[PDB]
Amino acid sequence: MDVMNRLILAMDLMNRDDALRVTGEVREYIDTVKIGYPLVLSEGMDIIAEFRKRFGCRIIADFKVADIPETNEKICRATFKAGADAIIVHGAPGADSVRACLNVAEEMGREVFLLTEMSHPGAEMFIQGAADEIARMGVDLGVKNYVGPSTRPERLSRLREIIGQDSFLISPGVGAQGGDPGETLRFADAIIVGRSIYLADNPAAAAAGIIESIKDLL
Amino acid sequence: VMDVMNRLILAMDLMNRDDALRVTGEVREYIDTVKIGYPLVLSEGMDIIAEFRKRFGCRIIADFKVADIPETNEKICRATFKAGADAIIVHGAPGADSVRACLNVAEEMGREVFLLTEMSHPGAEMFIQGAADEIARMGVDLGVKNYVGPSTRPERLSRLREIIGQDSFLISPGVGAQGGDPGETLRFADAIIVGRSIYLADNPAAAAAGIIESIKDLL
Ligand SMILES: O=c1cc(O)n([C@@H]2O[C@H](COP(=O)(O)O)[C@@H](O)[C@H]2O)c(=O)[nH]1
Ligand SMILES: O=c1cc(O)n([C@@H]2O[C@H](COP(=O)(O)O)[C@@H](O)[C@H]2O)c(=O)[nH]1
């Protein structure tokens, strides 16, 4: 996956007008948008098609898929029907649940991203201790795309080590949660950035500034 | 706790409006509590919750297995309750802050959180099972009153009931298609969740009635 400026916008605004306006303001800096449940549950799955129509951007559906295999299959089918290019799936529920998603993605010409360790403090309670094993499970299953935490660069580096340089790794927690753009890109192919851009006084300037700070990495 | 008619919750995972409305309508004399998940919501929109309320007046549990960071969890719960869900199901695996975020919104909005501890499918054994007792204890510490645990592992369901105490509300999926037994599950759960055994039946009303007949002495 070729992400412009190694920067993925996490569009978690919850009304269509603001989401479209802000995305439009930063469109020159990106070609990949992560759309999650905050926007989808507020404005409907049709918002994915609207983004493709307006911006011609790649769409990653950040749905943290975390159900049994049968339900995971249905969620992936509905998601890809809406035009998502990729979907993010939790590794915690195990191999069968991930495989169900991989199967649908293969059938519809899409990608699965496996979320290993999460970026927030609560991740330390249960997920962190399983995260290396979840990553190895991804490798065993032939997963090529992964998500890991900007807020813990040593854990992000370990995830990169497990999955290899050939795998694709994206990383949230940059900015608002305390992760540094440039340090994160030592290990991740692309950074995910939400609030630092979409809550900024001037989202375009915010995006431009982040990119300026990683200029030598592009 | 919510008064679930016949201790039976429909998992309405059909993916088109017409079929989902037909089946739910056909079983409404038996079931006043419906679990609506992403298969139906992502296919038909959040307004499906509105339509179920309008047509059936059933309680709605939004099975969204909320599993994000606290900030995103809050947004998901807000959007879900705004649409009229009575309750939302939240994963415990992402830890205490993520659960607390959901509890805070539920409190502010006058709705309920259900905490998913262990899951019912085989893959649950890899990671979630080993954390489930602690996830449950965490729920109790946070003041969670409603829980979800697996019909398919009676020994685990029993332990989770012990941890949360008799006063907590426990619902349990995996009954029927996944192999769990209705009556056995109701030894520990307040209510059973049933999807395919009802919604794929030639006569969903008859399927629901049959399940209820089998647990008649437990009502
Ligand atoms: O571990 C993770 C995984 C995520 O997908 N995310 C997501 O990435 C985005 C982070 O946004 P922000 O830059 O505003 O902190 C949110 O949409 C969040 O749901 C995360 O923060 N941590
Ligand atoms: O551990 C769990 C948690 C669930 O919510 N579920 C949900 O409960 C329902 C089970 O449906 P069924 O009776 O068709 O197996 C599905 O909606 C599934 O997503 C589950 O099966 N196992």
Side-chain angles (χ1 to χ4, degrees), chain A residues 8-13 34-39 60 62-64 66-75 88 90 93 97 113 115-120 122-123 127 131 147-152 155-156 170-179 181 191-200 210, chain B residues 9-14 35-40 61 63-65 67-76 89 91 94 98 114 116-121 123-124 128 132 148-153 156-157 171-180 192-200 211:
Chain A
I8 298 172
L9 175 65
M11 179 39 63
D12 298 314
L13 291 172
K34 185 176 76 64
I35 295 180
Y37 284 136
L39 180 53
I60 300 169
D62 180 9
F63 288 177
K64 303 284 192 306
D67 220 301
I68 69 171
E70 287 83 353
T71 296
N72 277 13
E73 181 174 353
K74 295 183 182 72
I75 292 173
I88 299 173
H90 259 290
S97 287
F113 279 73
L115 175 60
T116 63
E117 182 172 334
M118 294 180 70
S119 63
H120 65 298
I127 291 174
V147 187
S150 173
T151 49
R152 301 187 193 96
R155 296 293 303 136
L156 187 66
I170 66 178
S171 181
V174 173
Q177 298 179 53
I191 48 173
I192 293 162
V193 177
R195 286 164 288 170
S196 291
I197 293 172
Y198 74 69
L199 292 186
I210 291 172
Chain B
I9 297 172
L10 175 66
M12 178 34 62
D13 297 311
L14 292 174
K35 185 176 77 61
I36 294 183
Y38 282 137
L40 180 51
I61 297 170
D63 182 8
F64 289 175
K65 292 185 182 58
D68 219 302
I69 68 172
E71 288 85 349
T72 296
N73 278 11
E74 291 191 23
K75 295 177 175 83
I76 293 171
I89 301 174
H91 257 292
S98 288
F114 278 69
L116 173 63
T117 62
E118 184 170 331
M119 293 178 71
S120 64
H121 67 296
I128 290 174
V148 186
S151 169
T152 52
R153 297 192 193 92
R156 299 295 305 134
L157 190 64
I171 66 179
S172 183
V175 175
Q178 297 178 56
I192 49 174
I193 293 165
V194 180
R196 287 165 286 171
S197 290
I198 291 168
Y199 72 69
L200 295 181
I211 289 166

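Counting convention: from 1, in listed order, for ligands and their atoms alike. Numbered from 1 within each chain, the chains take letters A, B, ... in sequence-line order. Only heavy atoms go into these numbers, but all of them, side chains included; no hydrogens, no water, no symmetry mates.
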Side chain to side chain donor-acceptor pair (under 3.5 Å) involving B:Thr72 - partner list, sequence neighbours excluded: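 With neighbours one apart ignored, the set is empty.
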
Aromatic plane relationship, B:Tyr38 with A:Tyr37 - under 30° parallel, 30 to 60° tilted, over 60° perpendicular: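 The arrangement is parallel - the two ring planes meet at less than 30°.
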
Expected output: side-chain A:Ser196 to main-chain A:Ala176 donor-acceptor under 3.5 Å: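 At least one qualifying donor-acceptor pair exists.
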
Close side-chain approach of B:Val148 to B:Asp63, heavy-atom, < 4.5 Å: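 B:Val148 vs B:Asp63: side chains apart.
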
Contact residues of ligand 2, where a non-hydrogen atom lies under 4.0 Å away: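 Ligand 2 is contacted, at a heavy-atom distance under 4.0 Å, by A:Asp67, A:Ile68, A:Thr71, B:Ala11, B:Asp13, B:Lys35, B:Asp63, B:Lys65, B:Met119, B:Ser120, B:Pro173, B:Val175, B:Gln178, B:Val194, B:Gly195, B:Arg196.
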
Nearest non-hydrogen partners of B:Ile128 and B:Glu118, listed with the distance: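 For B:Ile128 and B:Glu118, the tightest heavy-atom pair comes out as CG2-CA, 3.8 Å.
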
A:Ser119 side chain to A:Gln177 side chain, donor-acceptor N/O pair below 3.5 angstrom: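 Checked: A:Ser119/A:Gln177 side chains pair up, N/O donor to acceptor below 3.5 Å.
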
